[PDB]
Amino acid sequence: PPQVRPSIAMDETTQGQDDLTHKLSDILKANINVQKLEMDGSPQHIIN
DNA sequence: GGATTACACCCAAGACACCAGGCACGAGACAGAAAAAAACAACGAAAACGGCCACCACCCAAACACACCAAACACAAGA
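For the first sequence, the residue numbers in this note's numbering are 10 to 57.
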């Protein structure tokens, strides 16, 4: 939940996500990129 | 090859990504691969020349005998 990775406020209008949130976003991007290889051309040096 | 190295408290100071090559789409060229034909192997049909049996005659093989030579028990010699 967001409690484990809360955001914060820089100057009254700004927020950066916690490290875990950006890490989870990167994991999601990696997952979707994986689901973009077994659906089309993939010369075995991109799947790995 | 990692992993740990006093405890509490105070203050100040700076940053809170910018910018550059990859995915998609965006089009050519030999290579990844597919289609064809002509000189590659064989077989059917004709021609005549090489192969088989005669005919054939002169040259090599066997018998007879010659003289000649190699050879083998033993009467004699010998230590």
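Ideal Cβ placement from N, Cα and C applies to all residues, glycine included.
How long is the line joining the alpha carbons of residue i and residue j, rounded to whole angstroms?
{"i": "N57", "j": "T23", "result": "38 Å"}
{"i": "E47", "j": "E21", "result": "45 Å"}
{"i": "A39", "j": "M19", "result": "29 Å"}
Within a Cβ cutoff of 6 Å, which residues of the same chain sit near residue i, ignoring the five residues on either side of it in sequence?
{"i": "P10", "result": "none"}
{"i": "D27", "result": "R14"}
For residue i and residue j, which I take to be in contact (beta-carbon distance under 8 Å), what is that distance rounded to the nearest angstrom?
{"i": "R14", "j": "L29", "result": "4 Å"}
{"i": "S16", "j": "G25", "result": "7 Å"}
- Query: Enumerated in chain order, which unbroken segments of the alpha helix (DSSP H) with a length of 4 residues or greater are wholly contained in the stretch 11–55?
  - Reply: List check, alpha helix (DSSP H) in window: 28–43.
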